[PDB]
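Only one structure is covered here, and it is reproduced in the block below.
Just so it is clear, the values below take in all heavy atoms, side chains as well, and ignore hydrogens, waters and symmetry mates. Nothing fancy with the numbering, it's 1 onward along the sequence. Counting starts at 1 for both ligands and their atoms, in listed order.
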Amino acid sequence: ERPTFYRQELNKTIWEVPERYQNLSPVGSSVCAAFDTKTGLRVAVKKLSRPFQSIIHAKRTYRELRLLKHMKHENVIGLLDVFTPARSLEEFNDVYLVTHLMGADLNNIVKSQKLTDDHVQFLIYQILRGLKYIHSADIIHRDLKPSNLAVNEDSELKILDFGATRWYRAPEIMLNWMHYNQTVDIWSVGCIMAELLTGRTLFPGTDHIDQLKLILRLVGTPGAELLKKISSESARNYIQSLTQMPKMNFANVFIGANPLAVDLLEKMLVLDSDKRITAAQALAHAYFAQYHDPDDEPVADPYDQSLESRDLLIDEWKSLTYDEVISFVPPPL
Ligand SMILES: Cc1ccc(-n2nc(C(C)(C)C)cc2NC(=O)Nc2nccs2)cc1
Ligand SMILES: CCCCCCCCO[C@@H]1O[C@H](CO)[C@@H](O)[C@H](O)[C@H]1O
């Protein structure tokens, strides 16, 4: 049957949600923390901002719903629910998404203090285990960072994406290179790990260029093999036109850390993205010895990007989104 909806005025706009969801309290630009009476779980509720106003809003709406509906893995965020006040397509004009409210992001847990190696082990293992899953579906996250990592009291971790942040980007995204592979997320993880171990930000750039200067200082300049892959001429000639920086030995940056952590850091933060360690490979590194289970590091059913890269009319994306809402099966809990 249809649930019963109650109306409320949260964050400069009117929210309408099933009575099941209580204690509705805002947390960000829009997302509300809430308590779900049917299950006993603490949930995040997201009200889509004008989901069907533009072609881009409609496209964005359908993508996010489809993607989460396919996401079923312990270290990735998943849909607990999705609903609308609408009783028909014609009146369909608001979309709500429910997920676990883990408790904190990876900033609240760190609060700029050195975490123990055992604690790092566990968090990074969770990130990577989730990345292997995301990547096997052929999906690249593109914006990994601590604000996008949901963690509870017990350090259980889920990767999400709340659509300076620049501090964890692979250099290629910054440089608007257009062919990206999965290992951009691996650069971000390296930067994240480093931050948990030493307690400070790895590349705390002040701007776009500063961000790049700091990166080159740690990993050194491009070697001959990397210059060979630069598609542009001026860029090619610019890189040559510098003080050749010698790749710093990470053991001299991370003093007193687990050498297994250092080794893994050497392998993640390689400038040439074709030479970075994959998630699947990283899971098998000796640093996760105490957690690694090759029979419990699942992959995703294949995922269609193209259906998102389409050009349809607004009414079509809306109808496609509605169907997605109507066909939803909650995960048994
Ligand atoms: C346009 C668009 C499309 C997809 C996403 N992605 N991608 C992911 C992956 C599965 C981590 C890649 C997760 C999300 N979304 C997400 O976490 N949403 C959330 N809702 C409520 C609390 S957190 C975001 C925006
Ligand atoms: C200015 C110094 C920073 C430039 C180094 C970034 C190069 C990243 O590495 C590159 O990633 C590309 C994009 O996915 C791949 O196609 C290339 O094979 C790889 O070399």
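- Residue-level proximity to ligand 2 for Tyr180 is carried by the backbone, the only part with a heavy atom below 4.0 angstrom.
- Residues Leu128 and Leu160 are members of separate hydrophobic clusters, defined by side-chain heavy-atom contacts under 4.5 angstrom among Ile, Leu, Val, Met, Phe, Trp and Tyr.
- Of the candidates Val45, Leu67, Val31, it is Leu67 that places a heavy atom closest to atom 12 (C) of ligand 1.
- Heavy atoms of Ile77 approach ligand 1 to within less than 4.0 angstrom.
- When distances from atom 24 (C) of ligand 1 to the protein are checked, a heavy atom turns up under 4.0 Å.
- The closest protein non-hydrogen atom to atom 17 (C) of ligand 2 is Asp274 OD2, 3.6 Å.
- Looking only at heavy atoms of the protein, atom 20 (O) of ligand 2 is closest to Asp272 OD1, 2.6 Å.
- Side chains of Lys247 and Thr221: no donor on one and acceptor on the other come within 3.5 Å.
- With hydrophobic clusters built from ILVMFWY side chains whose heavy atoms lie under 4.5 angstrom apart, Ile173 does not share a cluster with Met178.
- Protein heavy atom in closest approach to atom 11 (O) of ligand 2: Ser273 OG, 2.7 Å.
- In the hydrophobic clustering of ILVMFWY residues, with side-chain heavy atoms under 4.5 Å counting as a link, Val43 and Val82 come out apart.
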task = Show your working on salt bridge (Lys or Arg N to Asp or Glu O under 4.0 Å) between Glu324 and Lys69 and close with a plain yes or no.
result = CA-CA 9 Å; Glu324 289 301 331; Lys69 272 189 53 164; 2.9 Å; yes

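- Atom 4 (C) of ligand 2 has its closest protein heavy atom at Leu175 CD1, 3.8 Å.
- In this structure, the protein non-hydrogen atom closest to atom 6 (C) of ligand 2 is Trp177 CZ3, 3.8 Å.
- At a 4.0 Å heavy-atom cut-off, ligand 2 touches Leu226 through the side chain alone.
- When each of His292, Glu74, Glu297 is checked for a side chain to side chain donor-acceptor pair (under 3.5 Å) with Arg129, only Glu74 meets the rule.
- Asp301 and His70 share no side-chain donor-acceptor pair at under 3.5 Å.
- A donor-acceptor pair shorter than 3.5 Å cannot be found between the side chains of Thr13 and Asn11.
- In this structure, atom 18 (N) of ligand 1 lies nearest to the protein heavy atom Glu64 OE2, 2.8 Å.
- Remark: ligand 2 atoms within the under-4.0 Å shell around heavy atoms of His179 are 13 (C), 14 (O).
- Closest to atom 2 (C) of ligand 2 among all protein heavy atoms lies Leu216 CD2, 3.9 Å.
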